[PDB]
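Novice:
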Amino acid sequence: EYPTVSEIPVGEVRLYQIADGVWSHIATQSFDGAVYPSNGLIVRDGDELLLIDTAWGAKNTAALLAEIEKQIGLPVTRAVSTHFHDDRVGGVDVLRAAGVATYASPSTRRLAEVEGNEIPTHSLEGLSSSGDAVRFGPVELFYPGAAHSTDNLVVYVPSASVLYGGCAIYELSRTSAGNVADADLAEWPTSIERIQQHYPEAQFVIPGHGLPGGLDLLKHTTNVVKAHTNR
Ligand SMILES: Nc1nc(C(=O)O)c(CCc2ccccc2)s1
Ligand SMILES: [Zn+2]
Ligand SMILES: [Zn+2]
């Protein structure tokens with residue numbers, strides 16, 4: 032079964048096999064007085080691993096590398112952060128110290144610098160406009176436009192029809208927006224529509240936080256978003 036927030040002590044990381052050569056990683060961290068789970072992705076890249084997002088902090092991210100080495104045993108050589116918040120770039124310095132080449136869009140790297148967060152080393156070209164997609168090893172990176180954040184990316188694994196929505200996609204059970212301080216509430220439904228249009232075949236959809244679902248998570252998130260927008 033997919034691991035839940037209460038089953039993961041802060042500082043520990045679980046891996047979950049979604050498909051051949053595709054895992055999510057699950058960690059937990061405190062924010063504003065409560066503890067939340069957070070998802071990232073791991074994808075086999077030939078003889079190497081591509082990492083999508085940190086495990087939300089330096090300590091969790093170190094535990095992530097240890098768990099990858101224990102359970103999979105291939106080297107993590109590249110990492111992509113899908114926006115500038117700490118559940119995506121917090122731990123980048125650990126990754127870099129461990130030998131991992133870290134990447135993000137120019138906009139994410141800039142927003143991280145402005146925020147005082149950790150800054151991935153390398154800039155990803157070709158994602159500056161809503162609807163842009165680029166290939167990055169075994170995944171496609173896609174900028175759907177502003178949503179949870181202005182810089183947020185989603186990731187698609189064609190080999191397994193796995194769509195990683197990051198924090199622009201909410202889990203089914205989540206019915207309130209919570210904190211959306213950096214969100215573009217007006218653009219977010221349009222951005223989810225681009226995701227739907229571009230990955231109509233997705234079979235597994237992983238939100239940034241919580242339980243995986245299917246394409247139903249997109250409409251679900253749009254419903255939550257405008258509700259918070261509708262009063
Ligand atoms: N770093 C973090 N991002 C987010 C986010 O919204 O992207 C957090 C709130 C997530 C949440 C809320 C309710 C239930 C389960 C999870 S915390
Ligand atoms: Zn975020
Ligand atoms: Zn988040």
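Its first residue numbered 32, the sequence shown is counted upward by one per residue in PDB author numbering. Think of the CB as a built atom: it goes at the ideal place given N, C-alpha and C, for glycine as much as any other residue.
What do you reckon, is the C-beta of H259 under 7 Å from a heavy atom of ligand 3?
Specialist: no
Novice: Within 10 angstroms of its Cβ, does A58 collect 16 or more other Cβ (buried), or is it exposed?
Specialist: Per the 10 Å Cβ criterion, buried.
Novice: Can you find the residues in the same chain that come closer than 7 Å, C-beta to C-beta, to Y195, ignoring five residues on each side of it along the sequence?
Specialist: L72, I83, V185, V186, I237
Novice: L46 by DSSP, collapsed to three states: which one?
Specialist: DSSP places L46 within a strand segment (E or B) once states are collapsed to three.
Novice: Leaving out the 5 sequence neighbours to the left and right, which residues in its chain are closer than 6 Å to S161 when beta-carbon positions are compared?
Specialist: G176
Novice: Under the three-state reduction of DSSP, which class applies to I226: helix, strand or coil?
Specialist: Here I226 sits in helix by DSSP.
Novice: Does the beta-carbon of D118, which I'm using as the reference point, lie nearer than 7 Å to any heavy atom of ligand 2?
Specialist: yes
Novice: Could you tell me the distance, in whole angstroms, from the CA atom of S190 to the CA atom of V211?
Specialist: 33 Å
Novice: At 3 residues or longer, and completely inside the stretch 176–256: list those beta strand (DSSP E) runs for me, N to C.
Specialist: 185–188, 193–201, 235–240
Novice: Within the present structure, is the beta-carbon of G209 separated from the nearest heavy atom of ligand 5 by less than 7 Å?
Specialist: Ligand 5 is not among the ligands present in this structure, which contains only ligand 1, ligand 2 and ligand 3.
Novice: Quick one: does the C-beta of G239 sit closer than 7 Å to a heavy atom of ligand 3?
Specialist: Checking every heavy atom of ligand 3 against the Cβ of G239, one is found closer than 7 Å.
Novice: I'd like to confirm something about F62: is its beta-carbon nearer than 7 Å to some heavy atom of ligand 1, or not?
Specialist: yes
Novice: With DSSP as the reference, label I83 as helix, strand or coil.
Specialist: In the structure shown, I83 sits in a strand (DSSP, three-state: E or B).
Novice: Between which two residues does the beta strand (DSSP E) holding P40 run?
Specialist: Looking at the DSSP string, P40 is not in any beta strand (DSSP E), and its letter there is neither H nor E.
Novice: If you draw a straight line from the C-alpha of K90 to the C-alpha of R119, how long is it?
Specialist: 14 Å
Novice: Give me the Cα-Cα distance between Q234 and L246, rounded to the nearest whole angstrom.
Specialist: Rounded to the nearest angstrom, the two C-alpha atoms are 7 Å apart.
Novice: Which of the three DSSP states, helix, strand or coil, is assigned to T59?
Specialist: strand
Novice: Cβ of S180 versus every heavy atom of ligand 2: is any distance shorter than 7 Å?
Specialist: yes
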